[PDB]
Amino acid sequence: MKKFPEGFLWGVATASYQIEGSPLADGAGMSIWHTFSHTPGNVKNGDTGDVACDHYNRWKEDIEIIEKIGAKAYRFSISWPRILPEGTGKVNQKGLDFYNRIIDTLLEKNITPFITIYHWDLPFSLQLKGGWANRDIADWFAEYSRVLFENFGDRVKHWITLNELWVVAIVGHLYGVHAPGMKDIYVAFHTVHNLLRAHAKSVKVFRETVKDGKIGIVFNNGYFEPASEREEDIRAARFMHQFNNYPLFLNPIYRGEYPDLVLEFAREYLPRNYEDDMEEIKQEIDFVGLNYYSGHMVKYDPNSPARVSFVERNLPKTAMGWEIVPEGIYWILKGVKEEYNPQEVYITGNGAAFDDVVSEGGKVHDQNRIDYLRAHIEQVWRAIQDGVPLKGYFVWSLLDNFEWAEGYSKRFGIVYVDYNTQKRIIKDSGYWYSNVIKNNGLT
């Protein structure tokens, strides 16, 4: 067997916008994903989070599914504008009541809650004031964080400030592909720095309010390999690693500076006098969460942004067109240990999209998803054998859900959702996962 360590947490993950539906129910304010998805042309097939998996109403059934799979941890997010509809000021009781029932039901079933404070659904009221571009967001974020900690910290001891900082900054403000849908490189690198500042203020407030709790942060990561051994290609791959992965945010947290190749490129776009904020940004955290899905080959290209371009390879891909490179999860894990040595690490999301179909007697035979999860879990195990202090792994996702600019066309679940009826069907991957948990590993 590939046996995991004793007490290793096997989990599943979702996010509020992607599964809940009912975005304006019970006094909630609009989010940027609401306005973005309700703008024609931004999301495939005109899809929105208006309904999604109707988790707002079906949450208790969904937790009974988690319990039936036997996951010991559930990473979910809280919708900011359900808690503070104007972003700051008056707290909405109905929003607290919704998540309190989730928390209490989890604890009563001995599932550990991991709460993500921010998983991309910014209150639209704050977007009108510049959102992540406005330096004052660090204080609004601290104040929202306080509200959660003072209401939920008695029961929840594992917290994540922000999910996928790079994506919020770059995809949302440079590429315009996610909310709020901008294309400005200066705004983009301003958001990078403000997300760090908001994380930091959040942690300080956490040390005052949840003294027996653990707080961390989650990064997207890709495994970048150079197209050749030539110095310029190696540098291009290191540049992509420094920009796209955990060093963009951990170099400031651990070393007090942005990574070196990123600075060469982006010094001009960062706030003037950003160095004045470093001391604050450097707050101790309890763990690092890493997401991972795919790898990319990259080369030096003197006519591309940042002198880098991607080179497509003839490797198996998911339905997203993403290349399947399981060894990437091992090098990412081994890389964070070597470069920053965090005392505790989680994979907070790993999974795949494939075009599932419902068979015969209501079964989803997703052999493709099982093979993907197996290969990546085996690499994670190898990372633990080589000293990485990995405490847990979470599958993205529990449920098929709204895949941001892809809409409902991309299914990541270990549980299928029929959107015509809201029926849930556990997939062959879910029963396979359940069995991994029962053996605490592979065989």
# chains A, B, ... in the order shown; residues from 1 in each chain; ligands from 1
>>> closest_atom_pairs(of="segment 232-348 of chain A", to="segment 120-144 of chain A", cutoff="12 Å", atoms="only C-alpha atoms", output="JSON lines")
{"residue": "A:270", "atom": "CA", "partner": "A:133", "partner_atom": "CA", "distance": 11.1}
{"residue": "A:271", "atom": "CA", "partner": "A:135", "partner_atom": "CA", "distance": 9.8}
{"residue": "A:274", "atom": "CA", "partner": "A:135", "partner_atom": "CA", "distance": 11.1}
{"residue": "A:277", "atom": "CA", "partner": "A:135", "partner_atom": "CA", "distance": 11.1}
{"residue": "A:280", "atom": "CA", "partner": "A:138", "partner_atom": "CA", "distance": 11.5}
{"residue": "A:281", "atom": "CA", "partner": "A:138", "partner_atom": "CA", "distance": 10.9}
>>> residues_around(residues="residue 7 of chain A", least_positions_apart="3", cutoff="9 Å", atoms="only C-alpha atoms", output="mmCIF file with C-alpha atoms, in the first residue's frame")
data_model
loop_
_atom_site.group_PDB
_atom_site.id
_atom_site.type_symbol
_atom_site.label_atom_id
_atom_site.label_comp_id
_atom_site.auth_asym_id
_atom_site.auth_seq_id
_atom_site.Cartn_x
_atom_site.Cartn_y
_atom_site.Cartn_z
ATOM 1 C CA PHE A 4 -0.696 8.132 4.311
ATOM 2 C CA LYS A 391 -1.429 17.442 6.509
ATOM 3 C CA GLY A 392 -4.274 16.903 4.077
ATOM 4 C CA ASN A 440 -5.881 5.918 4.245
#
>>> select_by_dssp(residues="segment 263-422 of chain A", states="strand (DSSP E)", output="PyMOL selection string")
chain A and resi 287-291+295-300+308-311+345-350+390-396+415-417
>>> write_last_selection(atoms="C-alpha atoms", output="PDB file, in the first residue's frame")
ATOM      1  CA  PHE A 287      -0.222  26.656   6.924  1.00  0.00           C
ATOM      2  CA  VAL A 288       0.084  26.965   3.153  1.00  0.00           C
ATOM      3  CA  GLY A 289      -2.617  25.642   0.834  1.00  0.00           C
ATOM      4  CA  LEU A 290      -1.677  24.746  -2.680  1.00  0.00           C
ATOM      5  CA  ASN A 291      -4.056  24.020  -5.494  1.00  0.00           C
ATOM      6  CA  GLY A 295       1.420  21.606 -16.391  1.00  0.00           C
ATOM      7  CA  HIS A 296       2.692  23.759 -19.240  1.00  0.00           C
ATOM      8  CA  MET A 297       5.824  23.815 -21.348  1.00  0.00           C
ATOM      9  CA  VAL A 298       7.201  27.337 -21.857  1.00  0.00           C
ATOM     10  CA  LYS A 299       9.912  28.993 -24.038  1.00  0.00           C
ATOM     11  CA  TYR A 300      11.648  32.371 -24.365  1.00  0.00           C
ATOM     12  CA  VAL A 308       7.474  34.012 -22.571  1.00  0.00           C
ATOM     13  CA  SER A 309       5.174  31.796 -24.637  1.00  0.00           C
ATOM     14  CA  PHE A 310       3.458  28.459 -24.016  1.00  0.00           C
ATOM     15  CA  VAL A 311       4.267  25.521 -26.256  1.00  0.00           C
ATOM     16  CA  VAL A 345       1.028  22.297   3.812  1.00  0.00           C
ATOM     17  CA  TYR A 346      -2.363  21.230   2.325  1.00  0.00           C
ATOM     18  CA  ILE A 347      -3.359  20.456  -1.222  1.00  0.00           C
ATOM     19  CA  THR A 348      -6.551  22.507  -1.034  1.00  0.00           C
ATOM     20  CA  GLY A 349      -7.792  21.542  -4.507  1.00  0.00           C
ATOM     21  CA  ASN A 350      -6.863  18.924  -7.177  1.00  0.00           C
ATOM     22  CA  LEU A 390       1.520  17.616   4.037  1.00  0.00           C
ATOM     23  CA  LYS A 391      -1.429  17.442   6.509  1.00  0.00           C
ATOM     24  CA  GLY A 392      -4.274  16.903   4.077  1.00  0.00           C
ATOM     25  CA  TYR A 393      -5.609  16.736   0.437  1.00  0.00           C
ATOM     26  CA  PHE A 394      -8.883  18.104  -0.839  1.00  0.00           C
ATOM     27  CA  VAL A 395     -10.627  17.077  -4.111  1.00  0.00           C
ATOM     28  CA  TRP A 396     -11.953  19.884  -6.267  1.00  0.00           C
ATOM     29  CA  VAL A 415     -20.859  13.907  -7.388  1.00  0.00           C
ATOM     30  CA  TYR A 416     -22.840  14.628 -10.589  1.00  0.00           C
ATOM     31  CA  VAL A 417     -25.583  17.199 -10.599  1.00  0.00           C
TER      32      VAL A 417
END
>>> select_by_dssp(residues="segment 94-223 of chain A", states="alpha helix (DSSP H)", output="NGL selection string")
:A and (94-108 or 124-127 or 137-152 or 165-166 or 172-173 or 185-209)
>>> closest_atom_pairs(of="segment 302-403 of chain A", to="segment 247-254 of chain A", cutoff="9 Å", atoms="only C-alpha atoms", output="tab-separated table")
residue	atom	partner	partner_atom	distance
A:336	CA	A:247	CA	8.4
A:339	CA	A:247	CA	8.5
A:340	CA	A:254	CA	6.9
>>> write_last_selection(atoms="N, CA, C and O atoms", output="short mmCIF file (atom, residue, chain, number, x, y, z; two decimals), in the first residue's frame")
data_model
loop_
_atom_site.label_atom_id
_atom_site.label_comp_id
_atom_site.auth_asym_id
_atom_site.auth_seq_id
_atom_site.Cartn_x
_atom_site.Cartn_y
_atom_site.Cartn_z
N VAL A 336 7.83 24.01 -2.60
CA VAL A 336 7.41 24.96 -1.54
C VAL A 336 8.24 24.58 -0.30
O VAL A 336 8.72 25.47 0.48
N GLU A 339 11.97 26.04 -0.97
CA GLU A 339 12.10 27.48 -1.08
C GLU A 339 11.61 28.31 0.11
O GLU A 339 12.20 29.34 0.43
N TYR A 340 10.60 27.80 0.79
CA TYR A 340 10.04 28.49 1.95
C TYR A 340 9.89 27.70 3.20
O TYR A 340 9.66 28.29 4.22
#
>>> closest_residue(among="A:167, A:15, A:236, A:370", to="residue 116 of chain A", atoms="only C-alpha atoms")
A:15
>>> residues_around(residues="residue 24 of chain A", least_positions_apart="2", cutoff="12 Å", atoms="only C-alpha atoms", output="JSON, numbers by chain")
{"A": [17, 20, 21, 22, 26, 27, 28, 29, 30, 31, 34, 35, 49, 50, 51, 56, 79, 81, 82, 83, 85, 94, 95, 123]}
